[PDB]
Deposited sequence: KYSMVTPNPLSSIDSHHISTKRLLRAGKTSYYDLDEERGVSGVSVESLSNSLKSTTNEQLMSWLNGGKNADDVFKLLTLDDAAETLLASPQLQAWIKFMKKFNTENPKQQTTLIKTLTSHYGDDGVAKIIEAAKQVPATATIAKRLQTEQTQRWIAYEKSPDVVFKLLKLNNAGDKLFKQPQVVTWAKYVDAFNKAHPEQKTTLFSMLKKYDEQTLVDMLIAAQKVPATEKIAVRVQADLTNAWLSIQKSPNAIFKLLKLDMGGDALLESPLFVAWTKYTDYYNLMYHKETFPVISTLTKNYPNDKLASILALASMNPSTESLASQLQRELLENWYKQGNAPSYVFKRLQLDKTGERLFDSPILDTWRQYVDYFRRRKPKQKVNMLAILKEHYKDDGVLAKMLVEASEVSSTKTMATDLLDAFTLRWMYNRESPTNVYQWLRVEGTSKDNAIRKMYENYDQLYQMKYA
């Protein structure tokens, strides 16, 4: 409506209008979407200065007027929205400076300001409110003045369940606006946990990592918890809980080794997985017994399509070869019988035969076939078949034949 000329504003000022009158006339109430960029606000700033001059026993400010008309919550929301539009960014910064200055003048503590900004009622949606950012920045200001102390964002957040808080942090870390803020609160929470001896297993469960398993070493939460465990163990270096302790507490040996085996396929996790396998192997040695027991532990005695899948079989053989390295006495040809505990019909030799041409399994299959040759070489068998002429089966059978004679 009104064109905001100097001459117009002079008319108003002499006409008896005061600052809030002109605010209402320019319709800068009910314009929170637009007022920081509108030129009506600039005209009103002119009029503010000239009114201030003529009425020296009272001062009016922009910040206080916008507060009178929108509350601290509206001014905060307006500033945060305004700094998104680049044209507004400068005035937006200047207003948020003005607001925090005002709060510090009035000796408002960060928690009181937290309540003024309707954040106490945000509930699980705390970080979806734009003005949360204002609150965060205010704390920084409150901690730059007032260096006699240091106030943490977390110190206002203990109304919450820690699991719900962690969900909120995870979600807000994705949104760029509330990204570094979420990281800061997260660091605060981690330091609190460390301060109260919160065990890595406790955090592991609290992050519901004891449930999925599927690509578990790939998860963000898993990597964050591994960081937390490095922190815990560095700080409490006498009472360490290595990752393997937790993982074996929370997963069966077979499932855990399954995770490790599958996760050594992707290079991204390969290194870590191998570490863990090594550690897992140690875990078994630290207890100690029965490579056949580990075969039982691994649920591996479900043979048939045994060699084909058993992604965990390589882990069994790894354990056997580790175990030999450190316990050379105490024979390993139980390993031979380890297959034969459950078996020793033509089915086992068959399985070995099909597996001999599986590169994955070829070395192990040839080794076990050699073991058969030595076992039924103390018998007088024949044993089952050879039906090729120049096949590896042909050669093995031929020399078993011509060795039985001597």
note = Expected output for missing-CA ranges on the deposited sequence is 1 to 51, 434 to 438, 463 to 468
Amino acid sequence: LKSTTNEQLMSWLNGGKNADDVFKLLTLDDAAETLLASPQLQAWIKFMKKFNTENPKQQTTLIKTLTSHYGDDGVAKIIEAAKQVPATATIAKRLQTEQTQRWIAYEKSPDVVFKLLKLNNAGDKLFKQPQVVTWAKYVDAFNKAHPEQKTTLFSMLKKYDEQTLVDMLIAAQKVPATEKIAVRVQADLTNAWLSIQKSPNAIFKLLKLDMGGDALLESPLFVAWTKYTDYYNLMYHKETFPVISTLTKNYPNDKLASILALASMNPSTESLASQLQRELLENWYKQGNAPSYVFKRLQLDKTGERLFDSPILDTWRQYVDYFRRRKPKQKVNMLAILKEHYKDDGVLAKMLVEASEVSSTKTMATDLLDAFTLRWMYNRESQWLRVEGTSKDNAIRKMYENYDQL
From here on, numbers count along this sequence of modelled residues.
message = Please compare 168 to 176 with 184 to 192 and say which has the higher mean C-alpha temperature factor in the record.
response = 168 to 176
request  = Take the C-alpha B-factors listed in the entry for 302 to 310 and for 90 to 98, compute each mean, and give the stretch with the larger one.
outcome  = 302 to 310
ask   = Highest Cα B-factor in the deposition, which of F323, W103, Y236, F154?
value = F323
query = Per the PDB entry, which option out of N283, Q131, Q318, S274 has the greatest Cα B factor?
reply = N283
query = Considering only modelled residues of the same chain, in which third does the CA B-factor of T67 rank: lowest, middle or highest?
reply = lowest
key: CA B-factor ranking of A32, expressed as a third of its chain   = middle
query = If you rank every modelled residue in this chain by C-alpha B factor, which third holds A290: lowest, middle or highest?
reply = highest
query = Lowest, middle or highest third: where is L119 by C-alpha B factor in its chain?
reply = lowest
key: Third of the chain, ranked by Cα B-factor, where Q40 sits   = middle
